[PDB]
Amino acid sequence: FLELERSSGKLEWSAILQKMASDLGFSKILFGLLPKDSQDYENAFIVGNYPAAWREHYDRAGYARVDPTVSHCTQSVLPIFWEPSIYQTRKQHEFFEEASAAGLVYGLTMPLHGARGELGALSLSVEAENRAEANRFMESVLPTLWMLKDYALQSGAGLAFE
């Protein structure tokens, strides 16, 4: 985990974070961080390899207002898994479908809350044949991820703010 601190620049930090996630078994990740008292997700510090077109679509369609993981992050420090049960509203169903169209169907979002009031998320997606399989993979690496997200927050906020 200590390799995140020693990185030079955003590209290398991103490369390290992506490979950590990739080696762990998650093909796609997004790391997003906002300063205290901001809700302008559009203009967050963002790192990762989500498809560019999806990132653009998410911003355009105002999905930050709809995405169930966003509101979850404002209320909690606990992970939220991308299960059918989290897409409760008709608009969130639309969100699920569009995210699925980008290849992002299985995964989880770890809320980030920094020492300086930074608000963020580390979202990770896993390629799987089905839900049950994806859930077992995620369970099998969850403690490692749980440490990872805080190491990423601490180093990530360092990169973005100091």
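Note that residue numbering follows the sequence shown and begins at 1. Throughout, rigid core stands for the largest set of C-alpha atoms superposing within 1.5 Å between the two forms.
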Comparing 54-62 with 37-45, which has C-alphas lying farther from the shown form in 9 other deposited structures of this protein once the core is aligned?
37-45
Using only C-alpha atoms and the B-factors in the entry, which stretch averages higher, 141-149 or 21-29?
21-29
Higher average CA B factor in the deposited record is what I'm after, so tell me if that's 64-72 or 35-43.
35-43
Highest Cα B-factor in the PDB entry belongs to which of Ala53, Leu119, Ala134, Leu104?
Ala134
Could you look up the Cα B-factor of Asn130 in the entry and say which third of the chain it sits in: lowest, middle or highest?
highest
